[PDB]
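Asker: My structure is below; once you've seen it, I'll send some questions.
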Amino acid sequence: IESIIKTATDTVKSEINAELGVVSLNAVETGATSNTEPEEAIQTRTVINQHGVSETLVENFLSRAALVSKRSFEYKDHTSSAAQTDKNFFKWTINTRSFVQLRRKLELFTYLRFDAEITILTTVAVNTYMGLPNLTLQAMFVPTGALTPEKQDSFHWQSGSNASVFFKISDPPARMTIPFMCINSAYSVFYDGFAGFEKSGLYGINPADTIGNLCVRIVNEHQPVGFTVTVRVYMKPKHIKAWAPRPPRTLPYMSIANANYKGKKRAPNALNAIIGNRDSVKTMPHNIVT
Amino acid sequence: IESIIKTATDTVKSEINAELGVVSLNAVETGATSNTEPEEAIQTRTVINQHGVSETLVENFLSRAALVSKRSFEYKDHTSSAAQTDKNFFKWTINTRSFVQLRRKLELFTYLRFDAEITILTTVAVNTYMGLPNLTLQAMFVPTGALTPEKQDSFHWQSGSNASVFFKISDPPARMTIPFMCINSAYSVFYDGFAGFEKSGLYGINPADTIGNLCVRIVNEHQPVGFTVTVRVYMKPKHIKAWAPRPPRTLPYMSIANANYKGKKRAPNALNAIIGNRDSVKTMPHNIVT
Amino acid sequence: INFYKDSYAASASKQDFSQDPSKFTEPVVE
Amino acid sequence: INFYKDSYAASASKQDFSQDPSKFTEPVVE
Amino acid sequence: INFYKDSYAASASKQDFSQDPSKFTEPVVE
Amino acid sequence: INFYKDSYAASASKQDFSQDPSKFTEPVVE
Amino acid sequence: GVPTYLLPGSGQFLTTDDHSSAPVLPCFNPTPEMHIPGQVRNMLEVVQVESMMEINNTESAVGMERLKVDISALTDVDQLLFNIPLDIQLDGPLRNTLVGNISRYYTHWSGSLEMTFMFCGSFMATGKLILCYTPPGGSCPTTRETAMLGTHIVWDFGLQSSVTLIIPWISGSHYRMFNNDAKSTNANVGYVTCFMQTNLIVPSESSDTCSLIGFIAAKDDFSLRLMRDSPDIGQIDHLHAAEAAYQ
Amino acid sequence: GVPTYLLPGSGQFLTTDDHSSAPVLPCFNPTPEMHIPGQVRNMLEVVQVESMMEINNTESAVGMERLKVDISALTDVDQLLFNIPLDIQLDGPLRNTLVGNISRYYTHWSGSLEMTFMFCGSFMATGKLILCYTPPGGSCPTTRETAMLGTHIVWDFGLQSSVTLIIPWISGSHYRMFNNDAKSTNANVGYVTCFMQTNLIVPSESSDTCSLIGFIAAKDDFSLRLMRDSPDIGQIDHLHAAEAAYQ
Ligand SMILES: CC(=O)N[C@@H]1[C@@H](O)[C@H](O[C@@H]2O[C@H](CO[C@]3(C(=O)O)C[C@H](O)[C@@H](NC(C)=O)[C@H]([C@H](O)[C@H](O)CO)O3)[C@H](O)[C@H](O)[C@H]2O)[C@@H](CO)O[C@H]1O
Ligand SMILES: CC(=O)N[C@@H]1[C@@H](O)[C@H](O[C@@H]2O[C@H](CO[C@]3(C(=O)O)C[C@H](O)[C@@H](NC(C)=O)[C@H]([C@H](O)[C@H](O)CO)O3)[C@H](O)[C@H](O)[C@H]2O)[C@@H](CO)O[C@H]1O
């Protein structure tokens, strides 16, 4: 029965039981957890328990601002740079899967509905030193699959209808709230299927669950010297509803595209040994020596 | 009897006493302080005493922001530096015992319950001069014993669940309130025992009373020149409850790990002479010459 | 405090203390 | 003034003028 | 919120949900 | 809005719509 | 205008701050909330679900063999079968549990634990075990007459596939803390041991070795404080295809 | 938005400011307050507890010998035994007292002091002392007939192990201040002297030299203003193991 819980439950005092009838012995096979109370197992005292439960609220457990993107690029003249390089601008398809602390926390659930509070920290380093330029950056939110700019002075940066944020390095970090955007009532943290009508689509990736694109340029023309500009994107989920909890990820993540697994070479978190080994089942690992 | 005291007490006028019965002579041996009033000792006047007592409130006496940590490190390229050096980042186990003004004030009590308001001042000096970079720093709060980062670009700085504060040198100092965190209802300022079940643990140190860790990096990649970056951490206790006052520390502190004592070589504050010497007990040290 | 016109813009809602752990601990029928 | 959601975040509480010095000056029973 | 003396200075007025699509979809008389 | 103690410190007073143009257009007596 | 002054902490980005921020999409209407089964509002709901202990965290126990304890018929009495270390903040048989993994996002914890053991022999397999919780202090008890002086349940698994050993919250402090020190008086919960109370006694056509699956959950007096990054996941590189998000 | 302007003092960190600041741990529930004995809400509670004066702050008085004054039988009358300097803000017999150490966190002080002397001879030891407080102005009185013109108590320590000399607050100003000038009219409290009122008269099997332990407390008219760093502790280095907090 659903109830409001702000503190952990009190313990009632209990006495000696010696009864022939009603049971510390439950039924595992029903899939139910043991409802055996400590009052029924040992002889207890009354404890008025004032321990709050608010820090394990799913809103508090997930509304931590976590690093989701970290991109360095050269801020310089890119007349003669490679066609792979971020030429004063990068684009980033927003995902929660590239950094494993946020990834494992969000993958504790099957479905998540949250607004995405996006914080953008920019740091700059000179590639001799003459000082750091207070550069203006543009972060433009582009939807999944939509047109992203192809150069720094692209006419896609005009943002007639795309939301752009302009921000300076000397400023506080740029901060935007992206709404809950999904075409569904929740994001699918795990998607058991293909999101395409042919059989060649990607498994596990529903583009409904992709927030969108951060297209981040430097608005400034290049300086006579080069700079390395590191953009860090932080996401805080908020107004979070979470559904269907899952086993946590035990093995190391291999990719962001899937739930592929290798494990570590030895215990802990190996394919065939998640917990580190002890010598025997009757060996106590941190036995007090007296 | 407990009472609200906002001003010092008034003096009532008194007259000549010549009484055979009730007593200026008390009982020291009971451990009680003399309750002899000035009305009972001399012949007094009426004084309406309007002197406030608010500056000796324990909240005011202890909610001064005091220097608790002061760490300089080189902000430079650390490809070829020693493995002892802070390589653009330091960690600090939060203690109140490294700086003796705050240490003696907090060690005036046996038990303290306070929230820790943490203020972080960062100063930078060039190691010729080209200007000071407005650097971004990360201060990440890590619990006692938990994993702290091992390099500057560690993936532990992503802060999926650790609280991190990002702050710039041009900004006002970073300021966070750390709550009262102890597993007990107060911190033990002094801990007469071992906090481990074997007999090899540290005496006097209860890790329940350790606030946590400040892991402070520079978020910026290194510049072509080197900088000395001094981080000063300030702690203001607040919402303070204090229990069981103690004799103040008289001898100089030797360590932060214990209450070991040496004294100074001569009086004052020597092992066998806390107060500076006078010639005799009937020698007045600052006698008015007329 | 929220001076934005969208309700999703607001701060986090750390106020929902309703629990129903029995949908995971007792998902049985009898 | 406090716009934070945690009560420990607030400013210092310099308002407690209750004293009981007799628990240190007269800790005797008679 | 608007502390300017001109009413045009205010933020955008995203509150007009009145529609009359029939002036474009049914501009007929019978 | 004015948080200064002097009344001359305030913003401009663009609210006086009283006109008497007849003291310039009809300064005649009959 | 308004006379203001900036405080210390102005312009900082604390990752745990709680503020409204600018809507990137004005007048966006989110998709209507649909009822989805299994909503979690508080992580203590997950932590109260019993999940398999890896008591057989030994070498040669490979994969799924680690989630059961094989008990055999013994020819000596009062014999120790297995023991379980009890610090849920540490690595051990409790770590990859629902109570263990959620607790290692936290530092401080309070509250009782329940251990449920399911006997998975045959119907014809009979026997009695004693499951002892020893509060901390000294070494782990190795004989039965030493361990039954603590909290214990005696379990006939004749008709009864399961019992619960409540590990009651018996601590000096309101919370126990992780500090990477297993032997700390602020950390150590004590011990769970299992002994042959009688003997595993099977007939000739039952399998002579039977298995126990152990579970652990938290009770509803359980609490978790001081949220930290989990030591259970980590990276020293970028993952595969993470660069493809920039392309 | 709101038209604002920054005042002088914007962005400063005053170490005595009083503001709310950002919670590092949202929804942290602190450990429940338990009643602990001996709560101090105001430092004047400590300052009213009598504590030993180090009146014998001389050389050859080693350690604990400094906390008692040995009185002997004398063969001249009206003789001076000891004197006490009275500025609680200075170094002297009052400094390492509970009233002295807390006052030296402050600059300004008002209020009466009490001096309690415990006679620690034998039961058979008899005698009368006169404990004189002299308000400031001139030199410390050296003869008994000069000192008894001030505030005094005459104490027979025959059956009476203790008396109290109230040093009443007699000052021109509301407060007395420390300025590192002992002879200042804003600082100097005057003198406490002790004289043989009769003689320490012991029998042959009592110890012929007897000790006095002197105490000082503050009264409840006592006040302290202007909080400063204490001159009683200091450092010119980092302490031992302080570097280990960075490792
Ligand atoms: C730090 C300390 O006081 N003692 C160290 C020993 O604990 C260590 O022995 C190894 O400890 C391992 C601990 O298990 C975890 C953990 O920290 O909880 C389990 C985590 O899931 C795992 N995390 C990931 C991402 O895989 C974590 C990780 O492997 C380690 O932090 C990597 O160092 O380990 C485990 O039980 C091992 O089986 C055990 O041998 C010894 C090394 O023998 O070093 C001590 O410093
Ligand atoms: C400054 C002034 O006007 N006169 C100086 C004399 O006072 C000084 O004579 C010495 O004074 C010493 C003062 O005692 C303290 C104090 O300042 O109150 C006692 C403190 O507890 C002690 N602090 C610590 C951390 O140990 C402090 C400290 O030792 C001094 O500041 C260090 O200089 O001293 C004390 O009574 C001495 O016994 C007395 O000789 C003379 C030197 O003879 O110098 C004058 O400038």
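Simple scheme: letters A, B, ... for chains in structure tokens order, numbers from 1 for residues in each chain, numbers from 1 for ligands in the order shown.
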Excluding residue 8 of chain C and its own-chain neighbours fewer than 4 positions away, which residues fall within 12 Å of it when counting only C-alpha atoms? Please give them as an MDAnalysis selection string.

Answerer: (chainID A and resid 113:117 176:181 237:240) or (chainID C and resid 2:4 12:13) or (chainID G and resid 19:30)

Asker: Using only C-alpha atoms, I'd like every residue of chain B that has an atom within 6 Å of chain G; please write them out as a PyMOL selection string.

Answerer: chain B and resi 144-145+161-167+172-175+183-184+195-197

Asker: Once you have the residues from the selection above, write them out as a JSON list (two decimals), in the first residue's frame, restricted to C-alpha atoms.

Answerer:
```
[["chain", "number", "residue", "atom", "x", "y", "z"],
["B", 144, "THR", "CA", 36.22, 10.16, 4.32],
["B", 145, "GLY", "CA", 38.03, 7.17, 2.88],
["B", 161, "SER", "CA", 27.35, 11.89, -7.36],
["B", 162, "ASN", "CA", 30.14, 13.75, -5.62],
["B", 163, "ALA", "CA", 29.41, 17.41, -5.13],
["B", 164, "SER", "CA", 31.81, 19.60, -7.09],
["B", 165, "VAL", "CA", 32.01, 23.36, -7.18],
["B", 166, "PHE", "CA", 33.50, 25.12, -10.21],
["B", 167, "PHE", "CA", 34.79, 28.60, -9.58],
["B", 172, "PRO", "CA", 34.19, 35.95, -5.42],
["B", 173, "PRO", "CA", 35.51, 33.01, -3.37],
["B", 174, "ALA", "CA", 33.68, 29.72, -3.73],
["B", 175, "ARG", "CA", 31.36, 29.13, -0.81],
["B", 183, "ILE", "CA", 27.19, 9.57, 12.40],
["B", 184, "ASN", "CA", 26.88, 10.78, 16.01],
["B", 195, "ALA", "CA", 38.08, 3.81, 16.46],
["B", 196, "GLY", "CA", 38.96, 0.28, 15.44],
["B", 197, "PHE", "CA", 38.42, -3.18, 16.85]]
```

Asker: Neighbours of ligand 1 at 6 Å or closer, counting only C-alpha atoms and all ligand atoms: which residues, as a JSON list (two decimals) with N, CA, C and O atoms, in the first residue's frame?

Answerer:
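Output saved as result39.json:
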```json
[["chain", "number", "residue", "atom", "x", "y", "z"],
["A", 267, "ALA", "N", 38.67, -11.01, -10.80],
["A", 267, "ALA", "CA", 37.75, -10.47, -9.82],
["A", 267, "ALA", "C", 38.40, -9.29, -9.09],
["A", 267, "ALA", "O", 39.60, -9.35, -8.79],
["A", 268, "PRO", "N", 37.66, -8.22, -8.78],
["A", 268, "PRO", "CA", 36.22, -8.03, -8.94],
["A", 268, "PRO", "C", 35.78, -7.60, -10.33],
["A", 268, "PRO", "O", 36.61, -7.18, -11.13],
["A", 269, "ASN", "N", 34.48, -7.76, -10.57],
["A", 269, "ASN", "CA", 33.79, -7.31, -11.79],
["A", 269, "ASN", "C", 34.35, -7.99, -13.04],
["A", 269, "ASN", "O", 34.46, -7.38, -14.09],
["A", 276, "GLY", "N", 35.28, -9.87, -5.70],
["A", 276, "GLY", "CA", 36.62, -10.31, -5.39],
["A", 276, "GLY", "C", 36.66, -11.58, -4.56],
["A", 276, "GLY", "O", 35.77, -11.83, -3.75],
["A", 277, "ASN", "N", 37.68, -12.39, -4.77],
["A", 277, "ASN", "CA", 37.69, -13.72, -4.20],
["A", 277, "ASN", "C", 38.19, -13.71, -2.76],
["A", 277, "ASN", "O", 39.03, -12.89, -2.39],
["G", 90, "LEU", "N", 31.41, -2.40, 1.66],
["G", 90, "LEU", "CA", 32.65, -2.97, 1.15],
["G", 90, "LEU", "C", 32.38, -4.01, 0.07],
["G", 90, "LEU", "O", 31.24, -4.40, -0.19],
["G", 91, "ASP", "N", 33.46, -4.44, -0.55],
["G", 91, "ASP", "CA", 33.40, -5.56, -1.47],
["G", 91, "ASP", "C", 33.36, -6.87, -0.70],
["G", 91, "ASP", "O", 34.09, -7.06, 0.27],
["G", 180, "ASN", "N", 36.83, 3.17, 4.14],
["G", 180, "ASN", "CA", 37.87, 2.32, 3.58],
["G", 180, "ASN", "C", 38.64, 1.58, 4.67],
["G", 180, "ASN", "O", 39.78, 1.16, 4.47],
["G", 231, "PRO", "N", 32.12, 3.33, -6.26],
["G", 231, "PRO", "CA", 33.36, 2.64, -6.59],
["G", 231, "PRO", "C", 33.18, 1.41, -7.47],
["G", 231, "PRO", "O", 34.18, 0.80, -7.85],
["G", 232, "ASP", "N", 31.94, 1.06, -7.80],
["G", 232, "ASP", "CA", 31.64, -0.15, -8.54],
["G", 232, "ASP", "C", 31.73, 0.02, -10.05],
["G", 232, "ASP", "O", 31.85, -0.98, -10.76],
["G", 233, "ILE", "N", 31.69, 1.24, -10.55],
["G", 233, "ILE", "CA", 31.91, 1.49, -11.97],
["G", 233, "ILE", "C", 33.02, 2.52, -12.08],
["G", 233, "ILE", "O", 33.29, 3.29, -11.16],
["G", 234, "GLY", "N", 33.71, 2.49, -13.20],
["G", 234, "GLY", "CA", 34.77, 3.43, -13.45],
["G", 234, "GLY", "C", 35.20, 3.35, -14.88],
["G", 234, "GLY", "O", 34.85, 2.41, -15.61]]
```

Asker: Per DSSP on the backbone, what are the strand (DSSP E) residues of segment 34-181 of chain A, as a count of residues only?

Answerer: 51

Asker: Could you state the separation of atom CA of residue 121 of chain G and atom CA of residue 154 of chain G in Å, given to one decimal place?

Answerer: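 Taking atom CA of residue 121 of chain G as the start and atom CA of residue 154 of chain G as the end point, the length is 17.7 Å.
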
Asker: I need the chain A residues near chain D as a PDB file with N, CA, C and O atoms, in the first residue's frame; criterion: at most 12 Å, counting only C-alpha atoms.

Answerer:
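Once written, selection.pdb looks like this:
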```
ATOM      1  N   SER A  54      15.313  11.312   2.810  1.00  0.00           N
ATOM      2  CA  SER A  54      15.220  12.229   1.686  1.00  0.00           C
ATOM      3  C   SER A  54      16.422  12.165   0.759  1.00  0.00           C
ATOM      4  O   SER A  54      16.313  12.578  -0.396  1.00  0.00           O
ATOM      5  N   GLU A  55      17.558  11.654   1.217  1.00  0.00           N
ATOM      6  CA  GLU A  55      18.720  11.668   0.344  1.00  0.00           C
ATOM      7  C   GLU A  55      18.688  10.519  -0.655  1.00  0.00           C
ATOM      8  O   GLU A  55      19.338  10.593  -1.702  1.00  0.00           O
ATOM      9  N   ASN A  60      16.577  13.363  -5.587  1.00  0.00           N
ATOM     10  CA  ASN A  60      17.903  13.707  -5.084  1.00  0.00           C
ATOM     11  C   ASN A  60      18.981  12.766  -5.601  1.00  0.00           C
ATOM     12  O   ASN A  60      20.110  13.202  -5.841  1.00  0.00           O
TER      13      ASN A  60
END
```

Asker: Among segment 32-196 of chain G, which ones does DSSP assign to helix (DSSP H, G or I) (computed from the backbone)? Answer as a PyMOL selection string.

Answerer: chain G and resi 44-47+63-67+98-103+144-147

Asker: Can you tell me which residues surround residue 62 of chain H at a distance of at most 10 Å, considering only C-alpha atoms, apart from same-chain residues fewer than 3 positions away, and format the answer as a list in words?

Answerer: residues 271, 272, 273 and 274 of chain B; 56, 57, 58, 59, 65, 66 and 67 of chain H

Asker: Go ahead and dump the residues you just picked, N, CA, C and O atoms, as a PDB file, in the first residue's frame.

Answerer:
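Saved to out26.pdb:
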```pdb
ATOM      1  N   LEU B 271      56.548  23.722  29.794  1.00  0.00           N
ATOM      2  CA  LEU B 271      56.039  22.496  30.406  1.00  0.00           C
ATOM      3  C   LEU B 271      55.867  22.637  31.911  1.00  0.00           C
ATOM      4  O   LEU B 271      54.886  22.149  32.482  1.00  0.00           O
ATOM      5  N   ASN B 272      56.791  23.325  32.565  1.00  0.00           N
ATOM      6  CA  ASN B 272      56.754  23.480  34.007  1.00  0.00           C
ATOM      7  C   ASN B 272      56.505  24.917  34.440  1.00  0.00           C
ATOM      8  O   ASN B 272      56.678  25.226  35.619  1.00  0.00           O
ATOM      9  N   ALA B 273      56.091  25.794  33.520  1.00  0.00           N
ATOM     10  CA  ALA B 273      55.862  27.205  33.837  1.00  0.00           C
ATOM     11  C   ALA B 273      54.997  27.796  32.726  1.00  0.00           C
ATOM     12  O   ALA B 273      55.525  28.258  31.713  1.00  0.00           O
ATOM     13  N   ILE B 274      53.682  27.783  32.929  1.00  0.00           N
ATOM     14  CA  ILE B 274      52.764  28.286  31.913  1.00  0.00           C
ATOM     15  C   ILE B 274      52.762  29.805  31.898  1.00  0.00           C
ATOM     16  O   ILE B 274      52.821  30.424  30.833  1.00  0.00           O
TER      17      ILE B 274
ATOM     18  N   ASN H  56      52.041  31.749  42.295  1.00  0.00           N
ATOM     19  CA  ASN H  56      53.454  31.444  42.482  1.00  0.00           C
ATOM     20  C   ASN H  56      54.147  31.257  41.126  1.00  0.00           C
ATOM     21  O   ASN H  56      54.812  30.266  40.851  1.00  0.00           O
ATOM     22  N   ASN H  57      53.999  32.267  40.270  1.00  0.00           N
ATOM     23  CA  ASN H  57      54.673  32.294  38.976  1.00  0.00           C
ATOM     24  C   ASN H  57      56.088  32.848  39.149  1.00  0.00           C
ATOM     25  O   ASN H  57      56.450  33.927  38.684  1.00  0.00           O
ATOM     26  N   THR H  58      56.901  32.087  39.859  1.00  0.00           N
ATOM     27  CA  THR H  58      58.282  32.446  40.096  1.00  0.00           C
ATOM     28  C   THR H  58      59.161  31.322  39.579  1.00  0.00           C
ATOM     29  O   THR H  58      58.693  30.210  39.332  1.00  0.00           O
ATOM     30  N   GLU H  59      60.443  31.622  39.415  1.00  0.00           N
ATOM     31  CA  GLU H  59      61.410  30.561  39.204  1.00  0.00           C
ATOM     32  C   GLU H  59      61.571  29.747  40.485  1.00  0.00           C
ATOM     33  O   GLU H  59      61.213  30.194  41.579  1.00  0.00           O
ATOM     34  N   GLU H  65      53.878  23.399  41.630  1.00  0.00           N
ATOM     35  CA  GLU H  65      54.232  24.276  42.741  1.00  0.00           C
ATOM     36  C   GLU H  65      53.779  25.708  42.503  1.00  0.00           C
ATOM     37  O   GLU H  65      53.612  26.476  43.455  1.00  0.00           O
ATOM     38  N   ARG H  66      53.553  26.072  41.246  1.00  0.00           N
ATOM     39  CA  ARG H  66      53.110  27.396  40.854  1.00  0.00           C
ATOM     40  C   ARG H  66      51.644  27.652  41.162  1.00  0.00           C
ATOM     41  O   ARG H  66      51.214  28.807  41.115  1.00  0.00           O
ATOM     42  N   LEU H  67      50.868  26.616  41.465  1.00  0.00           N
ATOM     43  CA  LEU H  67      49.439  26.755  41.686  1.00  0.00           C
ATOM     44  C   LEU H  67      49.078  26.827  43.157  1.00  0.00           C
ATOM     45  O   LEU H  67      47.897  26.771  43.497  1.00  0.00           O
TER      46      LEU H  67
END
```

Asker: Using only C-alpha atoms, determine which residues lie at most 9 Å from residue 157 of chain H, disregarding the query and same-chain residues fewer than 6 positions distant; provide the list as JSON, numbers by chain.

Answerer: {"H": [118, 119, 125, 126, 127, 128, 129, 163]}

Asker: One decimal, in Å: what's the spacing between atom 25 (C, counted along the ligand's line) of ligand 2 and atom CA of residue 93 of chain H?

Answerer: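 Straight-line distance from atom 25 (C, counted along the ligand's line) of ligand 2 to atom CA of residue 93 of chain H works out to 16.3 Å.
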
Asker: Restricting the calculation to only C-alpha atoms and all ligand atoms, which member of B:88, B:101, B:43, B:230 is positioned closest to ligand 2?

Answerer: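 Of the candidates, the smallest distance to ligand 2 is held by B:101.
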
Asker: In Å, with one decimal, what is the gap from atom CA of residue 28 of chain B to atom CA of residue 212 of chain H?

Answerer: 12.1 Å

Asker: Check every residue of chain B for an atom within 7 Å of chain A, counting only C-alpha atoms, and provide those that qualify as a ChimeraX atom specification.

Answerer: /B:130-131,133,136,158-161,197-198,220-225

Asker: Write to file, as a PDB file, in the first residue's frame, the residues of the selection just made, with N, CA, C and O atoms.

Answerer:
```
ATOM      1  N   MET B 130      53.292  38.165 -17.595  1.00  0.00           N
ATOM      2  CA  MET B 130      52.480  38.366 -18.788  1.00  0.00           C
ATOM      3  C   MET B 130      51.008  38.544 -18.423  1.00  0.00           C
ATOM      4  O   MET B 130      50.151  38.614 -19.309  1.00  0.00           O
ATOM      5  N   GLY B 131      50.692  38.600 -17.125  1.00  0.00           N
ATOM      6  CA  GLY B 131      49.312  38.638 -16.669  1.00  0.00           C
ATOM      7  C   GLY B 131      48.878  37.367 -15.955  1.00  0.00           C
ATOM      8  O   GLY B 131      49.506  36.309 -16.037  1.00  0.00           O
ATOM      9  N   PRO B 133      46.012  34.426 -15.335  1.00  0.00           N
ATOM     10  CA  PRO B 133      44.887  33.772 -16.013  1.00  0.00           C
ATOM     11  C   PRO B 133      43.687  33.618 -15.089  1.00  0.00           C
ATOM     12  O   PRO B 133      43.820  33.228 -13.928  1.00  0.00           O
ATOM     13  N   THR B 136      39.677  28.351 -14.041  1.00  0.00           N
ATOM     14  CA  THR B 136      38.580  27.625 -13.422  1.00  0.00           C
ATOM     15  C   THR B 136      39.166  26.539 -12.535  1.00  0.00           C
ATOM     16  O   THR B 136      40.050  25.795 -12.959  1.00  0.00           O
ATOM     17  N   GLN B 158      34.476  13.698 -12.909  1.00  0.00           N
ATOM     18  CA  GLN B 158      33.199  13.848 -13.597  1.00  0.00           C
ATOM     19  C   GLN B 158      32.051  14.133 -12.644  1.00  0.00           C
ATOM     20  O   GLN B 158      31.083  14.775 -13.062  1.00  0.00           O
ATOM     21  N   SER B 159      32.160  13.693 -11.383  1.00  0.00           N
ATOM     22  CA  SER B 159      31.240  14.004 -10.284  1.00  0.00           C
ATOM     23  C   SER B 159      29.798  13.624 -10.630  1.00  0.00           C
ATOM     24  O   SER B 159      28.907  14.467 -10.754  1.00  0.00           O
ATOM     25  N   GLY B 160      29.603  12.324 -10.795  1.00  0.00           N
ATOM     26  CA  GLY B 160      28.276  11.807 -11.027  1.00  0.00           C
ATOM     27  C   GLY B 160      27.424  11.950  -9.789  1.00  0.00           C
ATOM     28  O   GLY B 160      26.219  12.180  -9.877  1.00  0.00           O
ATOM     29  N   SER B 161      28.049  11.823  -8.625  1.00  0.00           N
ATOM     30  CA  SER B 161      27.346  11.890  -7.360  1.00  0.00           C
ATOM     31  C   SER B 161      28.100  12.666  -6.304  1.00  0.00           C
ATOM     32  O   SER B 161      27.490  13.088  -5.318  1.00  0.00           O
ATOM     33  N   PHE B 197      38.584  -2.050  15.939  1.00  0.00           N
ATOM     34  CA  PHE B 197      38.416  -3.176  16.849  1.00  0.00           C
ATOM     35  C   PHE B 197      39.714  -3.880  17.197  1.00  0.00           C
ATOM     36  O   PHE B 197      39.728  -4.676  18.137  1.00  0.00           O
ATOM     37  N   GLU B 198      40.795  -3.606  16.486  1.00  0.00           N
ATOM     38  CA  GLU B 198      42.095  -4.118  16.878  1.00  0.00           C
ATOM     39  C   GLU B 198      42.838  -3.059  17.691  1.00  0.00           C
ATOM     40  O   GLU B 198      42.404  -1.912  17.811  1.00  0.00           O
ATOM     41  N   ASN B 220      41.496  23.933 -16.038  1.00  0.00           N
ATOM     42  CA  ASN B 220      42.231  24.330 -17.234  1.00  0.00           C
ATOM     43  C   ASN B 220      43.383  23.385 -17.525  1.00  0.00           C
ATOM     44  O   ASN B 220      44.058  22.906 -16.612  1.00  0.00           O
ATOM     45  N   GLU B 221      43.604  23.120 -18.812  1.00  0.00           N
ATOM     46  CA  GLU B 221      44.881  22.589 -19.256  1.00  0.00           C
ATOM     47  C   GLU B 221      45.986  23.578 -18.917  1.00  0.00           C
ATOM     48  O   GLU B 221      45.744  24.779 -18.770  1.00  0.00           O
ATOM     49  N   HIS B 222      47.207  23.074 -18.804  1.00  0.00           N
ATOM     50  CA  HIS B 222      48.314  23.926 -18.404  1.00  0.00           C
ATOM     51  C   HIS B 222      48.653  24.942 -19.487  1.00  0.00           C
ATOM     52  O   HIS B 222      48.466  24.708 -20.681  1.00  0.00           O
ATOM     53  N   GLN B 223      49.126  26.091 -19.038  1.00  0.00           N
ATOM     54  CA  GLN B 223      49.568  27.167 -19.900  1.00  0.00           C
ATOM     55  C   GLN B 223      50.996  26.867 -20.355  1.00  0.00           C
ATOM     56  O   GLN B 223      51.615  25.923 -19.869  1.00  0.00           O
ATOM     57  N   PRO B 224      51.543  27.614 -21.326  1.00  0.00           N
ATOM     58  CA  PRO B 224      52.962  27.410 -21.672  1.00  0.00           C
ATOM     59  C   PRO B 224      53.932  27.836 -20.585  1.00  0.00           C
ATOM     60  O   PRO B 224      55.064  27.341 -20.566  1.00  0.00           O
ATOM     61  N   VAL B 225      53.538  28.724 -19.682  1.00  0.00           N
ATOM     62  CA  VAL B 225      54.359  29.086 -18.541  1.00  0.00           C
ATOM     63  C   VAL B 225      53.751  28.475 -17.287  1.00  0.00           C
ATOM     64  O   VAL B 225      52.618  27.998 -17.281  1.00  0.00           O
TER      65      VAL B 225
END
```
